[PDB]
Amino acid sequence: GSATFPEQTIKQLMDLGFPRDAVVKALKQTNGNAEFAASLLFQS
């Protein structure tokens with residue numbers, strides 16, 4: 001199960017008002033580490 005994007009955090013990042021696409025783009029580059037990737041997704 002290659003889930004870089006953990007639903008909990010996904011919804012937490014979506015919780016910031018983002019798309020699911022944002023969890024994936026950001027956590028992909030950060031390899032799924034929520035807080036970090038949120039700050040990453042923040043770029044867009």
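Residues numbered from 1 in each chain as written, not as in the entry; some residues may be left out. Heavy atoms only, no water.

In its metadata, the entry names solution NMR as the structure determination method.

Draft legend 1. Representation of the packing of helix α2 (residues 20-30) against helix α3 (residues 34-41) within the structure. One can describe the packing of α2 onto α3 by two numbers: an axis separation of 8 Å at closest approach and a directional angle of 115°. The two elements α2 and α3 meet at a crossing, and its hand is right-handed. Judged by residue contacts, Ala22, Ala26, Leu27, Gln29 and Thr30 of α2 engage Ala34, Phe36, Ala37, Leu40 and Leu41 from α3. Partitioning the contact of α2 with α3 into residue classes produces 8 nonpolar, 2 polar and no charged. (Axes fitted to C-alpha atoms, helices over the stretch in contact; angles between N-to-C directions. Helix = DSSP H or I, 4+ residues; strand = E, 2+ residues; numbered from the N terminus. Left-handed = near helix turned anticlockwise from the far one by under 90°. Contact = heavy atoms within 4.5 Å. Nonpolar A, V, L, I, M, F, W, Y, C, P; charged D, E, K, R; others polar.)

Draft legend 2. Geometry of the nonpolar core. Core analysis: the largest hydrophobic core is formed by 11 residues, namely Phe5, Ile10, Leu13, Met14, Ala22, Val23, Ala26, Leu27, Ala37, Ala38 and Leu41. Sorting the residues of this core by element identifies α1 (7-14), α2 and α3 as the ones contributing at least two each. Considering every element that reaches this core, the biggest residue donor is α2, with 4 residues. If near-sequence neighbours (up to four positions away) are discounted, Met14 is found in contact with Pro19, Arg20 and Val23. (Core = buried A, V, L, I, M, F, W, Y, C linked by side-chain atoms within 4.5 Å. Buried < 20%, exposed > 50% of the residue type's maximum accessible area, 1.4 Å probe, protein only.)

Draft legend 3. Examining α3 more closely. Of all the positions in α3, only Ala37, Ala38 and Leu41 are classed as buried. What you see down the axis of α3 is that its buried residues fit within an arc of 110°, all on one side. In α3, those exposed residues whose orientation departs by more than 90 degrees from the buried face are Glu35, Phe36 and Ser39. Those residues of α3 that are buried are in contact with α1 and α2. (Arc of directions from axis to C-beta.)

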